[PDB]
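Spelled out from the first residue to the last, the chains are:
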There are 2 protein chains.
Amino acid sequence: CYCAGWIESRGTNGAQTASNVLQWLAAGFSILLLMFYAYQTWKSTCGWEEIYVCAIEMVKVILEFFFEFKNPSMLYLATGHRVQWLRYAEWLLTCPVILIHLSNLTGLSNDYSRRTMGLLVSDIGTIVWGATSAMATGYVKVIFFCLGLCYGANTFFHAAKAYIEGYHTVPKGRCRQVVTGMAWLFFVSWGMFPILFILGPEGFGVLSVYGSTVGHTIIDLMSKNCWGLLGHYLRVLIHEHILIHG
Amino acid sequence: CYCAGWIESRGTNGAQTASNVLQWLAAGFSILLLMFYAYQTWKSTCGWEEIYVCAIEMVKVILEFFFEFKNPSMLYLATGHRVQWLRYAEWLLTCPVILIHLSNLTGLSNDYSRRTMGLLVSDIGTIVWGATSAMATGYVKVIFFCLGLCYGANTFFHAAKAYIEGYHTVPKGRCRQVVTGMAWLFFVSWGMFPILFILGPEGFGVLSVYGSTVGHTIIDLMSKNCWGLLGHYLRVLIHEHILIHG
Ligand SMILES: *C/C=C(C)/C=C/C=C(C)/C=C/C1=C(C)CCCC1(C)C
Ligand SMILES: *C/C=C(C)/C=C/C=C(C)/C=C/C1=C(C)CCCC1(C)C
């Protein structure tokens with residue numbers, strides 16, 4: 001199995017160092033966030049979504065530090081394209097949970113809706129089409145990324161509706177400011193993901209594997225750790241509001 | 001890109017013919033079921049889950065007839081293992097929808113529960129771990145299939161609870177017989193999927209690609225088309241019951 005496209009070049013040895021440093025920072029932040037979440041579950045009210053997302057993020061960060069360019073992290077393919085399977089597998093593991101957190105922003109509604117199902121189905125579909133585009137090479141790559149773009153447009157529309165509903169269901173004041181911050185983080189990072197797909201080796205190679213890893217680590221820290229911590233803060237605020245007035 | 005494991009042998013030219021015949025039958029059944037579902041939506045009450053699952057099944061069947069051993073259907077991998085990405089992508093597209101149908105067996109509850117989220121998260125996780133095991137080769141394959149086994153055990157437990165709840169929420173008589181039939185189909189086919197994974201090239205090679213395709217086509221016709229048609233019949237019975245007594 002020679003396939004000279006498998007060697008290519010992973011980075012510039014500076015993007016590699018930046019990726020390693022960002023992986024260490026992401027692992028440290030995930031460890032600290034998991035410790036804080038455990039402390040909360042022991043003392044305060046904490047949701048399962050933030051803990052699960054942070055745990056998967058920590059596992060993915062460790063696996064990307066150690067075996068990023070190995071199998072179940074990098075499929076090498078007869079087409080000469082190295083597919084970062086770890087990235088898309090972690091997306092499939094976390095993004096549905098992130099959207100289950102987006103629905104029920106205030107951790108009180110034990111019920112859900114058909115809009116949550118639409119969100120989840122569209123998100124799984126867009127991740128599937130993006131992974132297929134990453135493995136696709138050629139016009140099939142363009143077709144599958146356009147399919148993922150349509151599914152992600154549906155996902156973004158449903159997420160925006162969920163964010164408006166959450167903004168209008170939280171108490172007036174700090175709670176809706178936190179909802180606005182969560183919406184900003186969500187949309188900026190989730191829109192940067194397809195941009196990095198386009199700029200990465202999976203699309204037009206502009207970023208290289210290590211530069212794409214740097215950018216994806218930044219927007220994962222934004223969309224998984226920071227967004228989850230903001231959601232936990234929102235739920236803490238909701239609990240305190242219920243204790244005082246509710 | 002030579003990697004002599006990519007050639008191997010797809011089948012015995014009899015398993016190939018059986019696979020082609022079963023793909024034609026599955027495509028015909030999916031087309032007829034989609035026509036019937038469109039007729040129902042125009043006249044009767046029909047759910048989106050059955051239509052979506054049947055449409056994805058039809059698309060997957062056509063893509064497996066035409067490009068099964070091509071890219072976005074077969075990742076060839078530097079490890080020499082041909083990964084049927086089409087299979088796992090279709091699982092990711094359909095199984096969450098099949099479980100969204102399993103929750104809300106009677107298409108009346110516009111709300112959902114945290115058990116539905118547990119079902120969906122466990123199902124996505126088990127599909128992810130199974131795909132990773134298929135791409136994994138070696139002891140990593142065993143580890144990831146055991147992780148998928150744990151996630152699928154959680155999925156099966158939640159599905160059994162959902163089936164008991166559905167059995168006890170449908171009217172006594174034909175409705176619960178249909179629920180029992182759906183449970184039998186669901187558990188038999190969904191348990192045959194890991195068995196075929198073990199028996200297929202992705203595990204212990206016993207079945208070959210074409211024999212695995214034959215078995216997977218049979219259990220997809222069981223779990224996607226037949227189960228969805230049974231769910232549609234259950235919802236029709238619920239609607240008629242509400243019209244008479246409800
Ligand atoms: C922690 C990881 C997250 C939140 C990943 C989110 C991923 C997306 C919003 C994916 C978007 C894509 C498209 C809309 C089109 C191009 C392909 C994708 C998969 C990158
Ligand atoms: C239409 C396709 C369906 C319903 C597929 C269902 C898939 C499963 C129940 C998957 C099961 C797996 C495990 C429990 C362990 C071994 C790996 C898998 C992914 C085959």
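For this deposition, the record names cryo-EM as the technique by which the model was determined and cites 2.4 Å as its resolution.

A. Local environment of the overall build of chain A. Along the backbone of chain A there are seven helices and zero strands. Along chain A, helices and strands appear, N-terminal first, in the series α-α-α-α-α-α-α. Its C-alpha atoms give chain A a radius of gyration of 19 Å, within 12% of the compact-globule value 18 Å for 246 residues. Each principal axis of the C-alpha distribution contributes one length, and for chain A these read about 65 × 35 × 25 Å. Taking contacts inside chain A between residues at least 6 apart in sequence as the whole, the part at least 24 apart equals 74%.

B. Quick look at unusual backbone geometry. All names here are of chain B. One non-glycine residue, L77, lies in positive phi territory at about 70°. Assignment of secondary structure puts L77 in the loop between helix 2 (48–67) and helix 3 (85–102). The residue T137 is not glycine, and still its phi comes out positive at about 45°. On the secondary structure map, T137 appears in the loop between helix 4 (114–134) and helix 5 (139–169).

C. A look at the site of ligand 1. All names here are of chain A. With respect to spatial proximity, 14 residues lie near ligand 1, and among them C95, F145, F193, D220 and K224 are the closest. About the coverage of ligand 1: the protein hides 98% of its 530 Å² of free accessible area. No other element matches the four residues that helix 6 (residues 174–199) contributes to the shell around ligand 1. When its residues are assigned to classes, the shell around ligand 1 shows eight nonpolar, four polar and two charged.

D. Structural context of the state of the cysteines. Taken as a whole and assessed by the stated rule, the structure comprises two disulfides over all chains. Between the sulfur atoms of A:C1 and its disulfide partner B:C3 the distance amounts to 2.0 Å. Because the sign of the S-S torsion sets the handedness, a value of about 60° for the bond joining A:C1 and B:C3 places this disulfide among the right-handed ones. On the criterion of chain membership, the pair formed by A:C1 in the segment before helix 1 (15–43) and B:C3 in the segment before helix 1 (15–43) is interchain, its members lying in two chains. Classification of B:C3 by relative accessible area gives buried; the value is 1%. The thiol of A:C226 is unpaired, and the distance to the nearest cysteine sulfur, on A:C54, comes to 9.9 Å.

E. Structural view of helix 2 of chain B. The end-to-end C-alpha distance of helix 2 of chain B is 28 Å, a good match for the 28 Å that 20 residues give at a rise of 1.5 Å each. All of the buried residues along helix 2 of chain B are B:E49, B:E50, B:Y52, B:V53, B:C54, B:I56, B:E57, B:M58, B:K60, B:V61 and B:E64. Packing partners of the buried residues in helix 2 of chain B comprise helix 4 (114–134) and helix 5 (139–169) of chain A together with helix 1, helix 3 and helix 7 (208–244) of chain B.

F. Representation of the interface of chain A and chain B. Between chain A and chain B, the contact holds 45 residues from the first and 45 residues from the second. Carbon and sulfur atoms make up 74% of the surface buried where chain A meets chain B, a total of about 3500 Å² over both sides. Per-residue buried area on chain A facing chain B is highest for A:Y112, A:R114 and A:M117; these three make up 18% of the total on that side. Our count for the contact surface shared by chain A and chain B stands at nine residue pairs in polar contact. Those elements that provide at least two residues to the side of chain A that touches chain B are helix 2 (48–67), helix 3 (85–102), helix 4 and helix 5 of chain A.

G. Region of the structure containing the packing of aromatic side chains. Scanning all chains against the criterion turns up 42 aromatic pairs over all chains. Aromatic side chains A:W24 and A:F65 sit 5.8 Å apart centroid to centroid with 70° between the ring planes, which places their arrangement in the edge-to-face category. On the criterion of sequence distance, the pair formed by A:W24 in helix 1 and A:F65 in helix 2 is long-range, its members being 41 residues apart. Aromatic side chains B:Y163 and B:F187 sit 5.8 Å apart centroid to centroid with 55° between the ring planes, which places their arrangement in the tilted category.

Rules and cut-offs
- Residues numbered from 1 in each chain as written, not as in the entry; some residues may be left out.
- Chains lettered and ligands numbered in written order.
- Heavy atoms only, no water.
- Residues with missing side-chain atoms left out of burial classes, pairs and counts.
- Helix = DSSP H or I, 4+ residues; strand = E, 2+ residues; numbered from the N terminus.
- Rg over C-alpha atoms; globule rule 2.2 N^0.38 Å.
- Contact = heavy atoms within 4.5 Å.
- Near = heavy atom within 4 Å.
- Areas by Shrake-Rupley, 256 points an atom, 1.4 Å probe, with all protein chains shown as cover.
- Nonpolar A, V, L, I, M, F, W, Y, C, P; charged D, E, K, R; others polar.
- Disulfide = S-S within 2.5 Å.
- Buried < 20%, exposed > 50% of the residue type's maximum accessible area, 1.4 Å probe, protein only.
- Expected span 1.5 Å × (residues − 1).
- Buried area = accessible area lost by both parts, 1.4 Å probe.
- Polar contact = N/O pair within 3.5 Å; in protein donor to acceptor, adjacent residues only side chain to side chain.
- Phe/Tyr/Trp six-rings, centres within 6.5 Å; stacked < 30°, edge-to-face > 60°.

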